[PDB]
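Presented as structure tokens, the chain that follows is alone, the form deposited in one PDB entry.
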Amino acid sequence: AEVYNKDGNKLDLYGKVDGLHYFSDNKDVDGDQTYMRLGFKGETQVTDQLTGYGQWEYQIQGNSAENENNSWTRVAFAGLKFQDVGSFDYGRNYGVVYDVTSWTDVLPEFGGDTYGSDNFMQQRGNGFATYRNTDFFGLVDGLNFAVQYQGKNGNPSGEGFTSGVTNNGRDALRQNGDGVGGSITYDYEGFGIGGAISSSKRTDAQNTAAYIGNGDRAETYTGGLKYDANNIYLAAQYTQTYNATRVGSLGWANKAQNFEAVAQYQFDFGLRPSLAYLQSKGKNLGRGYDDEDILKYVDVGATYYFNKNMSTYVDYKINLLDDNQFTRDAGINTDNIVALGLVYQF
């Protein structure tokens, strides 16, 4: 909701409360999943061509008791945009791989989980410096590209580590070294095609015998297709990763091949059914695991939009993984999940 617009500065204060419940035999996910998000998007006109902006978004869990608080920053960045030349921002933001993989990240509740957060340049993460160019300097409508750098996020400070430390250090599964990435998308009428590549130095803490998927760099190669016209939405993405896809708690996949596809239809009266399939196939994983499915599920659901501020949904995760030694070892969910949600937003 635009709560301020005066003297060249605008502030949008936005958010949502999602009253959400999961039903599953996996009791680690089963039960109340209520959460809220809150954010702001501000923009200031410096000149006719130059605009400044800032964006921040925060999630606060609404399913805990009052003696605990589970909350986190999703994004937090500041930037400058110059008409027909480009934009630059720095902060906690999305990796440029998500420019393409976000196209299938449209399910009512599930989806978008062949990758995670703080997972190299694949989704949300710290220390992204991002250049974006829309419509190729204004010369080619629908052609967008982006170039991105991510600074190292290493070992925790003040804990006796003698190398690889950064001020904002963390556990090895969420670390990264210096990284570079780029994306390109082209949309013409209903159709969209896109590609993205990222390459990040892996840290010394990540490359130990404690974790599968050792290697000098974490790399991803992604291609995507889209159709978004005439009340239909179709999308698919394929990603091949090296030492980049997490395998539960075990570390990373030496190689993974990830695939997501989605089909949706929007009825005039507000109902939007959705069908999706997601898989992540791990190769040469190590420790005698050889090849294993990391993720495999069909998703069927629907959202009903009352209007722009209110919706409700059902989502059914049909989990095709089987309970075996590998999934137990990695802590990967193999159970079905049904989610029921009622969402107010502003």
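Whichever C-alpha set is largest while still superposing within 1.5 Å between the two forms counts as the rigid core. Shifts are known only where both forms have a C-alpha. Counting begins at 1, following the sequence as shown.
Just so it is clear, the following notes concern the form deposited in another entry, a form of the same protein that is not shown.
Next item on the list: Overlay on the rigid core first, then point out the one of 257, 166, 134, 117 whose CA is displaced 2 Å or more between this form and the one not shown.
Entry: Looking at each option in turn, only one qualifies, and it is 166.
For residue 208, decide whether the Cα shift between this form and the one not shown is 2 Å or greater, given a superposition on the rigid core.
The answer is no; the displacement is under 2 Å.
- Message: Please state whether residue 157 has a C-alpha shift of 2 Å or more between this form and the one not shown, with the rigid core used for the fit.
- Response: Shift at residue 157: 2 Å or more after core fit.
Distance change of 3 Å or more between the C-alpha atoms of residue 255 and residue 163 in the other entry: closer or farther compared with this structure?
Farther apart in the other entry, by 3 Å or more.
Query raised in the report: What happens to the Cα distance from residue 118 to residue 166 in the other entry: does it get closer or farther than here, with a change of 3 angstroms or more?
Result: Result: closer.
Inset, instruction - Only counting residues present in both forms, give the runs of 3 or more in a row whose C-alpha shift is 2 Å or more between this form and the one not shown, core aligned. - result: Core-superposed, the single displaced stretch is 157-171.
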